[PDB]
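Just so you know, structure 1 and structure 2 below are the same protein chain in two forms, each on its own as structure tokens.
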Structure 1
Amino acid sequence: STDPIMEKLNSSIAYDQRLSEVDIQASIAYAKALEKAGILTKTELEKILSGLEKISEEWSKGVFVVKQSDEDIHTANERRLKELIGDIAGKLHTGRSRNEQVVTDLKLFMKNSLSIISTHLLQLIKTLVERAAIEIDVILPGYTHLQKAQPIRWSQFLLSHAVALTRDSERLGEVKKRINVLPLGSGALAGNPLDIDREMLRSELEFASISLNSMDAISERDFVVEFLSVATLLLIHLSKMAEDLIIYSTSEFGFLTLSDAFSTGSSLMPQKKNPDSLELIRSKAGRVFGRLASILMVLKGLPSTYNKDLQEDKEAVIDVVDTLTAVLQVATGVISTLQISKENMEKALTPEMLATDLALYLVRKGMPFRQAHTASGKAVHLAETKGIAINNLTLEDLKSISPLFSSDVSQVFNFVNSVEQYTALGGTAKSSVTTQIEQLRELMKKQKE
């Protein structure tokens, strides 16, 4: 009777086959609770768990056969169990609703997915932290407005990304905690009428706790929005790092080149070596953001309790989980195999970036910063008008700006001296970077457990 086109638009089995195992696992747990509730005889339970375990095997062996009438994974497994053991299968449905199987399964899938994602995320952070430890002596320009600002260590750069990524890791753990709440036993919205043992369900399925209200457990998708939100910000961080590496990979900047494994050429232009890995990653930010936008829209203005609209969550979660997994591993390969050009990073170190240091120089000699700033500004301009860099002005030139300049300004013109000024926690001085590295190694240790 169902209109074929609507039935097709209604089918979620194509993607939600990814929930085949957690669905059996959840059915198994419920079968045991039903036996304890007196709905199944221990003899029936056996037939049921045996059938379910068999269906699990069919899916893992890639031999399960999806039929036309299967509008979703839940309907598939129920059909299969019935054709295996008959009428007994039908007892498993007692007090159970699809509205609760759907969030229970997706949460089970998400818990497993987060572990994998976490593992990869931590490996990415580690890769950045460990390379930062190895390349701690490298100094290059730091930018604001994409204009050379003040010199910083390449390790300080790798660590800013590592640090941001660590907050992503942290948010990921917080979301996992609310994901880890058992919704099974909420029924279609009013709860379970059998005095089902929810605690037994909880430990069996390995959730940290149970849902507090049946109407909310079945209507909410905060856990989907949260996931999508944190994943989006994680992607945002990756788009910024991509933007950085792609620009630094240009021939104009020349700071680095990715490995051949993470680049591709051009079937038309023979000279090309393109940073595809990073561009792909940068574009995924939009992809994941679209998933977040869609779910927020799907939810807005919907009435309590369950609504068929909610079915759009599955595909969005699965797609973002797969994007993360791929994106994180690729990012790792890139960071660990890319080749920096210590020579070019060094050449890019030009005197004008030391203009702030030149002003502090005068400040140390007594001049108030505002004046010191304008004086340093003049030297920058004098050198420009003269067609040279500031370190090439003469001492009398500096005196023409302020007699406060003494022969010892020569010490201002030393990049190692520049970065080494920033010892206060968080700065780019080498001792601060080593401190950060240690802090991050600890943070990771704690994130892992």
Structure 2
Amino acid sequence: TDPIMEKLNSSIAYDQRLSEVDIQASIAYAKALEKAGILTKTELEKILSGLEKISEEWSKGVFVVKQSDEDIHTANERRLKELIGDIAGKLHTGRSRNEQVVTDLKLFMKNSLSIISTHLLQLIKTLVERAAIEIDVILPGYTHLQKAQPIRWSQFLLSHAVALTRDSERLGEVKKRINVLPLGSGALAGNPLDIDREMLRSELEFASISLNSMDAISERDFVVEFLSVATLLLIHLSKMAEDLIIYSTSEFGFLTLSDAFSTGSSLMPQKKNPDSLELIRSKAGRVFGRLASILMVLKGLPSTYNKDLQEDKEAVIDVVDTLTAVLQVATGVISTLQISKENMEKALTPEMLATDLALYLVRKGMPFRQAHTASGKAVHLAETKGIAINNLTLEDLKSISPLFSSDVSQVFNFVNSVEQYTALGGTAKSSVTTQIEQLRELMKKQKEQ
């Protein structure tokens, strides 16, 4: 075998991450082998101690990888032999590297998803709490990055929490299909020794066992969807990244990141660069990249097993480490950023109540198109008089429409503006509180696993 080939085929570098799960998978298989009558009670005991010792070497970071080790599987097989003798060879009876690969990677994914869940929920929890505490703060709502209408700083935070919560539900859905045992599938036709797959299921703690050996070996649906969900979740973070970065400029001045999540120079001690947020926005590309790569690897592949499939491991490991890092950095930013209630308050302008003034007429029976026009004049009449809209005269307004009354003054209040949105999901205070309740009930259920 050519050197440049075996190097390109090598995977020991990164798949060492599967060392622990590889062992657990062999332990279970050994146990079931004993039940099948392939191993004796004695041999099994020799294989477990051996395997467990190998487990310790890795955990202690003392395992010795050698030149020959093509992958983590061979590595672990070599060690067991060195440690217990040719007896270790009986372990591979009926087994196939083909099924180890998917078994280990799924085991690794289950464990990984457990951690990603934790951090993902902590991020959501962090956004919801902040929304609860700052429920009074109001600032501009944007469209086309232009000021549209007032909204509660909380409605903004909750819109992100809501999106991230759908991400938590999707992750949960992926987890169920990853939680299905492929071991006992052989090279492609099944285990040839009537292995007790049910027993294998509960040793590894999988929810159920794979239905078809050919599919179980050649499918990488779990990788694709984990990657797809990972990507959409990063898309949500990239969106939030964009928001905070813009809000964190000096032009906007709505908030300032904490020292731990920013960079700056002594020459401009007040300037803070949102490195953390930019780092996170970029990971969306990194993750999408991995998703696209695997979608391309699977397309057109004949059945059953093909070497092309080996590309999954690295992609899955990178994305796992990417999410873990990114979620935690996100939690921190949101937790420690400093808002300027004063600046957000100043961003609220009279111009932004032209919409509200139109609605005021609508409530008094005036038709949509006419009220709109009416407010249109008030806004124009204000330009002429060279004054802000809230300082026009009741006498001025009345020249526009008889329907304006002393009670029109309330329109020019921002709290009144937001409180207009009581309908479920709106930005009114009750609606913000309703959302914080809904999201907490949601997280209690999603975590009840």
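Whichever C-alpha set is largest while still superposing within 1.5 Å between the two forms counts as the rigid core. Numbering runs along the sequence of structure 1, starting at 1.
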Hey, after the core superposition between the two structures, which of 37, 66, 380, 49 has the C-alpha moving 2 angstroms or more? 380
Please state how many degrees the smaller rigid part turns against the larger between the two structures. 14
How much does the C-alpha of residue 359 move between the two structures, in Å, when the core is lined up? 1.4
What is the magnitude, in angstrom, of the C-alpha shift at residue 390 between the two structures when the rigid core serves as the superposition reference? 2.5
For residue 400, what C-alpha shift in Å results between the two structures following superposition on the rigid core? 4.9
